[PDB]
Structure formats: structure tokens, C-alpha cells
There are 4 protein chains.
Amino acid sequence: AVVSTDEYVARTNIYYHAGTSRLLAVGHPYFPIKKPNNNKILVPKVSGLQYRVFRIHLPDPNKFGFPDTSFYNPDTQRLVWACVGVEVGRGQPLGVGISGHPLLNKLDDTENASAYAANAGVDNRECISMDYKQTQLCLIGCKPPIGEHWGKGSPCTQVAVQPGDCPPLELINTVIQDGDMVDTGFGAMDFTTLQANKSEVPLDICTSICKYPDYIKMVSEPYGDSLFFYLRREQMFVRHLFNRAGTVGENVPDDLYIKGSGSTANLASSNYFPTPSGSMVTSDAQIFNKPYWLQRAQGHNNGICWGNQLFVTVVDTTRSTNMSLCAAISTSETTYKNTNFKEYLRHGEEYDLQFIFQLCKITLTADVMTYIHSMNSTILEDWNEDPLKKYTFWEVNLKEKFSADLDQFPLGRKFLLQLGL
Amino acid sequence: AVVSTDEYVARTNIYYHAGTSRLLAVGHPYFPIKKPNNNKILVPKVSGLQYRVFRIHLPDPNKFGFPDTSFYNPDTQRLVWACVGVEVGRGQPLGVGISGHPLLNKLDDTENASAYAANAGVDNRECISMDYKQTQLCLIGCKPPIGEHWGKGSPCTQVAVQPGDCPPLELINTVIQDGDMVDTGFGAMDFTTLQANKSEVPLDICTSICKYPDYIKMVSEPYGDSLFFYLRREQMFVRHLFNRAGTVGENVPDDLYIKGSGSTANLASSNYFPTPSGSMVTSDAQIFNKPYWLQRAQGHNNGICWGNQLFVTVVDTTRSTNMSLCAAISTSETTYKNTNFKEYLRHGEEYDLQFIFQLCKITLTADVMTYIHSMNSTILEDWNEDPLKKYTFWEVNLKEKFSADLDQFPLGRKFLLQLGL
Amino acid sequence: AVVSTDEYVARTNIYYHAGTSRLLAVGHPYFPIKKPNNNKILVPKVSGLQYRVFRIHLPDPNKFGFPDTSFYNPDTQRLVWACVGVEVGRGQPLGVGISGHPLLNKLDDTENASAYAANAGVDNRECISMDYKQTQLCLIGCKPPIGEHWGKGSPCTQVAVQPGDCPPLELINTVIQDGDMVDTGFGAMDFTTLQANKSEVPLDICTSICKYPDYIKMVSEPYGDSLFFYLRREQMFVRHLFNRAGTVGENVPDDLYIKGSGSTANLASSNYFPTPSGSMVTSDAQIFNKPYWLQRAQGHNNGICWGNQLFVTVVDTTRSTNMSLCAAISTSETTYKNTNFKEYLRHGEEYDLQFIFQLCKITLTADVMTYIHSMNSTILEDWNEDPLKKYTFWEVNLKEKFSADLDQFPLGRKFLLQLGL
Amino acid sequence: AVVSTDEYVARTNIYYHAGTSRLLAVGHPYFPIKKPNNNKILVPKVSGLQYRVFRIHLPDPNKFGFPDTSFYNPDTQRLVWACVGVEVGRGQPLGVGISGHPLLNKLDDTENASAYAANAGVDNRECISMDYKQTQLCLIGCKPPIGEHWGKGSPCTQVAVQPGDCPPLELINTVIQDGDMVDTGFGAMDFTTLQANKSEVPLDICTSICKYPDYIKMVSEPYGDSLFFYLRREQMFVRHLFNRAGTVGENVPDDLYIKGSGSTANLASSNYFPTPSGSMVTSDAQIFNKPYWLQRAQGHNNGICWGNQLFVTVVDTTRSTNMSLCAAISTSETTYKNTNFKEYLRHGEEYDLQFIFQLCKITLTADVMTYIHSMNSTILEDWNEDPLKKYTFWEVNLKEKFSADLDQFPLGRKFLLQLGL
């Protein structure tokens, strides 16, 4: 049986504040800029539609140098940091981005037509953009976040997949890495392995995987380390209703309609797809720049940062403004020439993480050691190399950022005032 | 006279948690894919616009093996499960689907016209899609849910129905089965038997029946077993205003207008029909992933699961995103060709049902037996074959899912915290 | 260590009211009107999209002439004014402005296209306008406000910047001056040094810098003098989705799409940019014409107006109505002639600042003098020339506006009623 | 010094109810219909966009005949009516009007253009209408309401105004009169004297002055008689973005753009103007048909109706529906002919004012007489001709409408129930 951390974790009266200075990220909104002949990334892909997963490193409270050490017995017990307050600061002005594809697979406008559309020739793709669905979310835990998305399942050993056959689906759980893309209105799926077309969605998710937090799985988790707090806010509506060019993969059963003739003799593509639109963005609806007090967790792990680690996942599309900047090739002629200006696109993201940590002590009794051992053996082994080297996240080092004077910080002041004593 | 179950059903202090692992449904959004020559379903129709009716099977508390059995007398009484808490977990990201018809009966755009429309020739149908009306609902009871819809009533034995004559309507009560369709903006009617046209609405409801819960009837129900709790949320607005091609079934009385001339000599179809649109979908408006505490029922049956059965009906169009996946027939040519790619459509649904059950006891006195016998004789017969074999629902077996440690589950923790003791 | 002003600043019982008569500003909405041959400004640029930074001058409480002076010892202590109440009155009717450019860089409409767009020739610029994003904000402190914006960073000494090369970005902190522009939907950046084009955005921000308050930095500020109170309200949504003419600065990696042919042979500009739109403006959402009681500040400076100064920064786009007024060149002909009328544009802004100040005393002990000295040496030096002469703000002199009869003023009545005694 | 009326005005226990029967106003929405040769008004201009200023006449409580007169000494004191409750009843169904101009100065659509607009010829005016900005407001006081608007200021005696020169602006305070127009989305200005064009705005405000309540001034007012209570609700958004035909009054500084060529050689009008739109009207947002309890005024005059007068200003555009009614010239031909029907426009407004008055007494001591004398000498002079004969307003006589039985009226019952005793 699993038990609340309040059972075996003792709460001291010491609190520390810690914070990143001000994280900054600048890059291209749709894809990374690199040397053609090369593969080294010259400019990274930075979009408001990516997940930001921060791997927060905390100084080991056991190795730490406190002014007083009488509050506990380093022989019978050990120390762990407990996250009690978080403030995810965001810094650019609110705004909405926009993503498209120069060759998006869009046959005709099916929202309203005055006459039957022509006939699909070869390549009827159009240069089309859209404003993605709005999403605001923040996940906090001591384990990396887990997402779900649809990918190409493994086929059953029988009927030989005929080329062009529809690929099988399979919900795939994955670790949400920093830089991954958020569902933008086309659901959470692996577009690379599920759309050979390469033109079904805008460039920025075109050959990526849009993942969605698997909230159900993470909360089901027995110990609840992956996430002990979260805030989610997503909205979306249908801006346009389109048709997909290509060839019928699956024909419309004729018991569903009466054959046409002349123009309506040939059925138009009934492979419709809508264009998303996350409406207006607003201050009143902001989730960030507000402190979160992680006092009572719904999981058994009540904010204990085992491993002196802490994960903060964020997605904020309410500041997705992309800015176009163009430089003149020549500063002579007083006559505009599209030829004389090179147009580019860049997007900037501004973060500022702040935390309030409460020192905790664990008397290493037998039972406790048995439990903690089962739960996560590494805990004890580390007490008196990176297990997730495969994954990549925004590394954040706070070992030199802890301060006992909450007084001197904004999150700290808020905390004292909030907790009174 | 009927009486509250609180009268004859005793509440014990035992509570169990039960939950489905994670139900998953993948299929085509508009129609089932099957072998043309055959009739076996290869891929099922799975749309966010269908009703999901779960038939929950519970272990017979009388046959069940409790650690302690002193809490009741198996001689004078019997045991029944009472539903006290439900959590309908949903798992895909929020999003809106879209449905159409390659040959929708849409003459002209009547929302605004600059000149009198031409003249209906033969087949003026257009390839048109729309975003259905938004609907979120959840019905819980120990009897299957009942719906209403308009169908073709039986004609009066007189005036012989001239071919093409308008068919008579009749509100028809039916049992809502898993897979049925929800009103999408065209009301709750049987389109197959009321629209020979086969082109008045999109393919997905085109030859189906859109049913609406008959809330009035169910609540009037004397014992109130069909539904002891519900949540409904529906919204819709007019996106477009169209005309219907075809021939006047009923002419416009000439006392309602002044005859035209030339172009306006012939009256245009005044058989208007609007295109629905369930606006934006939002987190804040979610009905699911929230626990429902069924403490006081408005009906006489206060959540007692007679027959160790339990029905959970759901409709959620806030995650109706359909994903198009296309496979290339050839991976050679570096030049797009519509024909090289087979386009398809698939839609996935993710559920996770969780419940908290309270054991109850009934002392089988004379009066009690008379009452329960009148109410539903099978109750007693079963105490010391499927009556709804005709109907089909998502069968859910929980006989091996009950657990006394609410502590170990999310809905369980919530329940304990909520009910304090 | 920094400490709250409540520590060393004593609160007296004297309160004074002070207010501007009624500030008025009239000018051209997009640019200043001046003599061509000259440079003197004939008509200034006055837009609802500019920041209004008021430099409030207060009478030195030490030089002031109070009826009674027994309340303190002019030998051991000094006096400072503390801001306790503010009312930013606004006076024109609510309404929305509009800004554009006669030669805006807008290739084609990418929101929905029926056929592949033509081909960029020379200068495809269009005369386009838009309604900027709505913004309401009010910053108050005893130091000028600080903003952030993206500008052209300094290049690394290596690869000689090829002409037309994309310029490097750099977040630049600046002092927000009166007349500066607010992000309007294109983010906070320096369009002059980042867009050689001179046609990427409307005229009014076209050769300016749109700055955003750097709330993060100001609140981190140790003493918190720059801002001890603020209100922000911003909203925006995508009205249109466009394309940018010009030449590819950075090409679309070919691994993101399948080469086209014929018309789709050449990739259309995928340098998309959206048109902003701050929706409807409303009374219910007003921030102004409401009193703000600055009782508990989140910073250490609790509204103390060191230097007898006070800064009030405002931005209100909910009254951005521009009014066109045209004069006839001739009052004869009774036939309209566009040539007979000269069309112009003017915008008016109306303010009315009101404050409630509380007198305070500081006993100049050793420690106090050491602290205040470290904090801002000028404090003491001035006690028993302008350091921001470089910057420009709406100068407001209140030295002759203080009144001890709060009773006689609207903000004063409100204050008494609010604070009871 | 000014003092609250609570200081010198004594409150009795007598309360009277008074109300208009049901005021009704019918006329043409845009302009008055009169005899061409004549000047007499045959049909007045009645629009939902006009201010309604009611001059309420109350019976002199001193001349009044009360059943009992022991409650006061007619020798030492005098009597005044105090307004304690108001109910502005409105009676037509909610709806939105619409106003246009057959020759509105609208060059081209600048919201989105596919090619550079042609060239302004002679008179490019279009027949255009719009739905004005929504406004609901109610001002009450014992003095007429005061408004502000921009008009043509007096020129400086220097540079001789060249014909066509832009006219100088000047905020002008005026008395708001019954029938005056409300800002409709083009701000509060005098279009007659600021727009020679006569085609910048719809007919209904085209040669009128749109005034806005000068709330700032009125509340600053020392005694606060002009308004001791108010409710304002206004909203507006940009429907369309247009261009103004005419000739450049002020040219676009060339440092703001790069000269074009060919078509873009000549700059298109950058004198943009938006089309307003007060969105949807709703019951939930109604301000009227609700009682207002004027118990505590923010001004010093707490609802005392000096001069036995009372002003109720109202503006309600939530019932601006105009109804078109056309009569046939001939009732013969069964063929429609536009020439056979004369089309007209009419708009109706329905009011019903109700008040609850509290009798008050003032002992005429020395000090009191000095104060009241300074405040408004006429008070005393009238005690034991019209000063605003020049202005106009809906005259309302209530001298015969006072009733001591509040019980018998709806506002009366509400009052009793609200005030308990």
C-alpha cells in the first residue's frame, strides 16, 4: 500500500527561496535554421506552441551548509526539499502567433459553395495559414511529465499491407521533452509517420509530434511523483471548413446517398478538415504571474522533491507573437523592390521561475527504509549518472540560488504574507 | 405509492472503489468501413457525436467475498450496491470535429443575395460541411436511458397517400443504445424514414436517427431507476442560411405575397434550412474529469444499483477532432501528385470510468418483499438470461475491479477528503 | 538587507488632496505635423496608443507651510509625502481607433485561397488598416517606469554580415517616456532598426519603438521604488492572416514538404503575419475613474514619494476614437468634388489626476541615515539639477494644489468614507 | 466650505410616490419631416440615439396641502422634497436600429485589398449604413446635465487661415438638451462646424452635435447638484475599416515610407475611419426597469430637489428598432411595382418614470440662510420666470401626481419592502 508523504516526511520550519534570473529564448517559429551542407543548428526553433520542460536542480540539503544543524540528527535521519510555492513568470506582451504551409493540402472551400467544384488535377495545394488553438498549462512534479499521442501501430501478421493502405493507430505514451509540440487543433498525433503527404498541417508541426499531457495516467500513478499540481486552460473553435485533395482511401458507402450525374456524377472529396482558431487572448484569463501554493496535493507525494529534482512543464500560447524583421540588401534606390529586402521571422520567449522550498527530515527507520526502497531505491543509494540522459529538457541549476531571506524576494514576500507566520 | 429507497435500504459503512482501466475507441468518423462483397465490419464508426452507453456490471454483493460478514444477517436480509461517486474521465485534447456531404441538398445562399437566383435544374447539390452543435451530457441510473425523436407516424385509413405526399410525424420513445447519434443541429429525427433525398444532412447522421434524451419522461418515471443524476450542456448558433432544392411539397399561400414577374415571376424555394455551429470549446466549461457526488437523488431511487447493474450514458463533442492520415502509394517521385496519396479519416475517443460504491442491506420483511416484488420482481428472483439482449451497449465488467482501499485511487482520495470520515 | 518603509517611516494623521485641473491633449493620431523646410512641430502626434508618463511634482513637506508644526521635531527628523489614494480620471467617450499604412507589405490573403496566388512582382504593397490590440494599464511609483523591447543586438566579431543578412535580436531595457508607443499586436520591438522595409506595420508605430512594461524586472527591484502598484488589462485576437512580399531571407527546409510543379513549382512566401484586433470596448471593463487605495504595497517601498516626486504611467486604448474633420476649399458649387475638400485626422485625450497624500516623518538616526544614504544618497543631500533631464514626460506641478479639506473633493470624500476615520 | 445636505436638511417620516402615466414619442429616426415651403415641424425626429432630458416639476411642499402640518414650524423652517427612489421604466421590445447616408464619404475598403485601389475621381461616395455603438445611461440631479464635445475653436490672430486649412479644436462644455445626440462611434464632436463635407457620418448625426456627459466636471462640481446619481454602460467595436475620399489636408511625411512606382507611385488616402458596431443587446444587461435607491450620494447634495425641480437624463439604444411602413398608391395590379409603394421609416420610444420622495425640513437659522444664500440665492427668494428658458427639455408635471399611499404603486411596494419600515 502507498501512503501520503505526510506520514514519513517531517516538516521543519526552515524555508528558502530560489529563482532563475530570467530565462530567454529566441529562434525561428517554424523550423531550425542550419547550414545546408552541415547539420549543426545555427538558429533553433522557438515557438509559443512548444512545451517547455524545466529540469530544476536543487542543492542536496544533506550536503548543503546550514548555519544551524541542531534541528535534526544526521545519523538517524536525512533531508529532502519540499516545494511549497511556485511562480511562473512570463514576460512578453500578450499576443497571437500564426502558422501555415506554402503547399497545404486544401482542395476547395466546403463551408459554402455556389456550384460543384472543378476536378482535382495534380497538386491543388494552397499557401495557407491559421491561428492555432489557445493553450495554457503548467505541470509540476518530481518526475518528468508524460504525454499521449496517436502514432502508427504495428500491423497484425496477416493481410499484407497493400501500398497506400490506411496505417493502424495506437495511443503511444511518451516522455514530454522540452521543445516538443502541443496539439494545435489537429489533435495529438505523429504527423510524420501518419501523413506521407507532408502537407496536411503547417510547417511547425508538419514533421513533428503533437503530444497531449496524459493527465489520467499521471494521476493514476500510485506514488504521484510525475505531477502533484497542474493548471490547464485550452479553447478552440472552427474558423474554416475545407476539403482534402488526394485519392479516396475509403469510399463512401453508396447506401448513404443517391448517385448524381453530369457534374454531380463524380463524388467530391468528403475528407473534410477544419481550420482551428484559439480565439482572443486576455489578461483576465492568465494563469501565470500568479503564485501557486502547493499545500495539499491530491496525490500521495505532497510536493516532495525526491532526488533534489523538480519538474516544471509549461505551455503558453498567449504570447505567441512572431516578429518579422527584414534587412535591405541595398540602402540606395528610393524605389521599393521586393528584390531589395530579405524577409525573416523570429519569436522570443521570456520566463522567470521562482520557488519557495520547505526543508524536511526523514528518520530512516526499518519500515521507512523498506518503503522508500521499494518506491525508488535510488533515493537511499544517493543518500549517505543521469537516468534520463536520453531525454532533453531546459536544464536549470538552482544550487547557488537558495536564500533564507524570503523577505528579499517578491515570491517570498507573497509567501510570508500568505502563510502569516 | 412509491417510496424513497432510504425507507427500506440500509446504508452500511463499507465503501469500495472500482474503475475501468482506460477504455479506447478508434474508427471512422462518418461511417463504418467494411468489405463491399461482405458485411463484416472491418473498421467501426467512431464519432464524437455518438452516444456512449456503458452497461456497468458489478459483482453480486451477496456472492461477493467480504473479509467480515458480521455487519448483516444473510437470513433476514440481502445486499445491494449503491452508487455514491462517479468520475467520467476523458482523455483526448479538446477540439472540434466537422461533418459534411459530397451531395448536400443546398440550392442557393439565402443569407444575402444581389440578384434573383437562377433556376433549379437537375441535381444542384453541393459538397458541404459544417461544425455540429456542441453537446456535453452524462446520465446515470440503474436502467438504460430513454430518448425521443420524430419518425414517420402511421397514416390514418382514409385519403390514400399520394406518392410524394408529406409523411406524418410521431414522437417516438426509444432506448438509447451505444453508438446512437445525438441531435447535431437538425433536431432529433429519423432521417432515413423522413428524408428519401438521402442528401439533406451530412453522411454521419444521413441514414441514422438523432435521438434526444427524454428527460421529462425519465424524471416522471415513478421509481426513477432510469436516471438518478444528470448533467447537460448544449449550445448552438446559425452559421449559414440555405435553400433546399427539390419541388414544392406545399405551396406558399398567395395571400402572403404579391406575384412577381419576369425573373421574380417564379417563386424561389422558401424551404430554408440553417447550418448549425457549436461555437468554441473550452476547459472552463468542462463537465467531465470532475467527480459527481450522488448523495441526494431527486427521484425515489437514491442511486441503488438494483440487479448489480449501473448505466452511464455520455456524449462529449468537445473532443471531436478527426485526424486525416494519408499514405503514399509510392515513395519515389519528388513531385506531388494527388494521386500518389490515399487520404483517410480516423477519430479516437478515450474514456476512464471511476466509481465509489456503498454497500447496503435490505431486511426482507413482508411489506418490503411485496414492494420490491411489485417494483421489479426480478430483484427477489435473482436474490437467493439478459432482458435487454436486443439492445447493444459498451459492456463494462467491474466484478474484478472492486477495492476496499479508496486511499489507493484518485477518485477514492477525493471521496475521503470530501466526506471527511 | 532591504526593509519595508513601514520600519523607518512614521505615519502622521495629516492627509492632503491634490489634483490636476483637467489635462487635455490634441494632435494627429499617426504622426506629427511640422513645417517641411523646418523641423519645429506645428501639431503633435497624439494617439490612444501612446504611453502617458506623468512626472508629478509635490511641494517639499519640509519647505511647506503647515498651520501646526508640533506634530514633529525638525531637528531630529524630516518629512516625506506618502501616496495613499489615486484616481485616474478619463474623459472622452469610449471608442476604438484604427491605424494603417498606404503601402503595407501585404502580399496575399493566406486565410483561405481558391488557387495558387500569382507571382510577386515589384511592390505589391496594399493600403491597409487595422484595429490595434486593446490595452489598459496604470503604473505608479516614485521612479520612472521601465520597459522592454527587442532591438538590433550587436554582432559577434566573425562572419562579416552579408548585406540583407537577418539582424541579431537583443532584449533592451529602456525608460518608458511620455509619448512612447505600446505594443499594438506586433509585439514590443524597434521597427525602425529591425525593418528596413518601412512598410511592415501602420504609420503610427512604423518608425517608432513599441515598448512593454518590464513587470518582472520592476518587481524584482530591491527597493521597489519604480512601481508600488499597477493594473494591467490587455486582449487581442487574429482578425486576418497575411503574407509578406519580399525575398526569402531563410529558405524552407525541403525535408518539410514535397516539391510542387507547374504553379506549385515555386513556393509562396511562408512569412505569414496576422492582423491584430482588440475586440469590443466596454464600461464594465474600465480600469479608470475608480479610486486605487495604495495601502499595502507588495514591494518594500510602501508608496513613499522620495524626492517629493511621483510617477503615474497610463495607457488607455478604450477611447482611441480619431475624428476626421474636413474643410471645404470653396463654399460655392452645389456638386460634390473630392478636390473641393481637404480631409484631416485629429485625436483628443482627456485626463484628470487626483491623489490623497499622507504626511510622514523620519527620525534621522545613524542607522536610518546609513540606510537611506545607501538606498539613494540624494534623499539626504536634498533634505536640510534634474537627474532625468535626458528623458521627457508630461510634467505635472502640484506644489500649489494641496488642500487639507479632502471633504471638498470627490476623491477626498471617497477616501474619508472608505477609511471611516 | 461646502457641506453635506445631511448637515442642514432634516428628514421627516413622510414619503410620497409620484409617476408619469406613460410617456410616448413617435417620429422619424433620422430627421424631422416638415413642410418644404414652410418650417413648421410636421413629424419630429425621434431616435434611440438621442438624449432624453426630463425636467421634473414637483409641487411646492410649502404650498402643498398636507393632512397634518404639526411635523414642522412654518415660521422657523421651510420644506424641500428629497428624491429617494427612481424607476426608469422602458417599454418597447429590445432591438437594434441602424443609420446610414446615401452619399457617405467612403472611398475604398482598407480592411483587406488584393490590388492597389483605382483613383479617386469626382464623388466616390457610397450609400452606407451601420449599427451605432450601444449606450445606456441615466443621470439624476437637481440641475440640468452637462456635456462635452469637440467644436471649432477660435483661431489665433496671426497666420490667415488659408481656405481648406484644418480648423482648430476646442473642448466645449454645453447643457445637454432633450433631443441632443449621443456619441455613436465617431466620438463627441460638432459635425456641422467640423465637417463641411456633410457626408462623413450618417444623416441622423450628420448636421448635429454628438455630446458626451462630462462626468468629470459634474462630479467636481462643489455642491454636486447637477448629478447625485448615475449609471453608464457603453460598448463598441470596429465592424469595417474604410478610407476617406477628398484631398490630402496633411501629407504623409516621406520619412515614414519608401516611395512606390507605377500604381503604388501615388499614395492612397491614409485618412482611415472605422465603422462602429454596438454588439448584441441583452436583458441581463438592462439598466432600466430596476429601482435605484438614492440613499448615500457621493456629492454634498444628497438628493435634495432644490427649487422643487428634478432632472432625469436618459439614453437607451437597446430599443432602437426602427420600423418601416409602406402604403400602396394603388390596391389594384397583382404585380409588384416599386413605384406603386411609398416606403417610410418611423421609430417609437416608450417611457414611464416613477419616484419616491421624502419630505424634508430646514430651520432657517442665520448660518443656514447665509449658506443657502451663497449656494443659490433663488432658494430663499422663492420660499416664503424660468432661468433656463433658452434650453429645452421634456417637461414633466408631477404637481398633481403625488400620493401618500406608496402601497398602491409598484415602485411604492418595492420601496416599503426594501426599507422595511
# chains A, B, ... in the order shown; residues from 1 in each chain; ligands from 1

$ closest_atom_pairs --of "chain B" --to "chain D" --cutoff "12 Å" --atoms "only C-alpha atoms" --output "JSON lines"
{"residue": "B:254", "atom": "CA", "partner": "D:334", "partner_atom": "CA", "distance": 10.6}
{"residue": "B:255", "atom": "CA", "partner": "D:334", "partner_atom": "CA", "distance": 11.0}
{"residue": "B:257", "atom": "CA", "partner": "D:336", "partner_atom": "CA", "distance": 9.2}
{"residue": "B:258", "atom": "CA", "partner": "D:336", "partner_atom": "CA", "distance": 5.9}
{"residue": "B:259", "atom": "CA", "partner": "D:335", "partner_atom": "CA", "distance": 5.3}
{"residue": "B:260", "atom": "CA", "partner": "D:335", "partner_atom": "CA", "distance": 5.6}
{"residue": "B:261", "atom": "CA", "partner": "D:335", "partner_atom": "CA", "distance": 6.9}
{"residue": "B:262", "atom": "CA", "partner": "D:335", "partner_atom": "CA", "distance": 10.5}
{"residue": "B:264", "atom": "CA", "partner": "D:336", "partner_atom": "CA", "distance": 9.4}
{"residue": "B:265", "atom": "CA", "partner": "D:335", "partner_atom": "CA", "distance": 9.1}

$ select_by_dssp --residues "stretch 198-241 of chain B" --states "helix (DSSP H, G or I)" --output "list in words"
residues 203, 204, 205, 206, 215, 216, 217, 218, 219 and 220 of chain B

$ write_last_selection --atoms "N, CA and C atoms" --output "compact mmCIF listing (two decimals), in the first residue's frame"
# COMPACT_ATOMS: atom_id res chain seq x y z
N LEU B 203 -23.18 12.90 -44.09
CA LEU B 203 -23.15 11.45 -44.08
C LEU B 203 -23.34 10.77 -42.71
N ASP B 204 -22.62 11.24 -41.69
CA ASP B 204 -22.69 10.62 -40.37
C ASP B 204 -24.04 10.50 -39.65
N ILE B 205 -25.04 11.28 -40.06
CA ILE B 205 -26.37 11.19 -39.43
C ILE B 205 -27.38 10.93 -40.55
N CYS B 206 -26.89 11.08 -41.77
CA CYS B 206 -27.63 10.91 -43.02
C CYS B 206 -28.61 9.72 -43.10
N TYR B 215 -35.67 13.64 -21.02
CA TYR B 215 -35.54 14.00 -19.63
C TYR B 215 -36.89 14.04 -18.91
N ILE B 216 -37.90 14.65 -19.54
CA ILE B 216 -39.24 14.76 -18.94
C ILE B 216 -39.78 13.39 -18.53
N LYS B 217 -39.83 12.47 -19.48
CA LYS B 217 -40.35 11.14 -19.24
C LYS B 217 -39.59 10.41 -18.15
N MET B 218 -38.26 10.43 -18.24
CA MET B 218 -37.41 9.73 -17.27
C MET B 218 -37.58 10.21 -15.84
N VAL B 219 -37.75 11.51 -15.66
CA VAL B 219 -37.91 12.07 -14.32
C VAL B 219 -39.32 11.82 -13.79
N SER B 220 -40.27 11.67 -14.70
CA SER B 220 -41.65 11.43 -14.31
C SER B 220 -41.74 10.00 -13.83

$ residues_around --residues "residue C:417" --least-positions-apart "4" --cutoff "10 Å" --atoms "only C-alpha atoms" --output "short mmCIF file (atom, residue, chain, number, x, y, z; two decimals) with C-alpha atoms, in the first residue's frame"
data_model
loop_
_atom_site.label_atom_id
_atom_site.label_comp_id
_atom_site.auth_asym_id
_atom_site.auth_seq_id
_atom_site.Cartn_x
_atom_site.Cartn_y
_atom_site.Cartn_z
CA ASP C 407 -14.14 66.97 2.20
CA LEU C 411 -11.56 61.60 -4.31
CA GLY C 412 -11.36 63.11 -0.85
CA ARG C 413 -14.93 62.26 0.08
CA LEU C 421 -11.98 57.87 10.45
CA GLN D 298 -21.16 60.82 -3.38
#

$ residues_around --residues "residue A:222" --least-positions-apart "5" --cutoff "10 Å" --atoms "only C-alpha atoms" --output "VMD selection string"
(chain A and resid 1 to 3 217 299 to 301 375) or (chain B and resid 408 to 410)

$ residues_around --residues "residue D:250" --least-positions-apart "2" --cutoff "9 Å" --atoms "only C-alpha atoms" --output "count of residues only"
10

$ closest_residue --among "A:269, A:275, A:340, A:39" --to "residue B:127" --atoms "only C-alpha atoms"
A:269

$ closest_residue --among "B:405, B:367, B:385, B:350" --to "residue B:88" --atoms "only C-alpha atoms"
B:350

$ residues_around --residues "residue D:176" --least-positions-apart "6" --cutoff "6 Å" --atoms "only C-alpha atoms" --output "MDAnalysis selection string"
chainID D and resid 145:147

$ atom_distance --atom1 "atom CA of residue B:6" --atom2 "atom CA of residue B:79"
14.2 Å
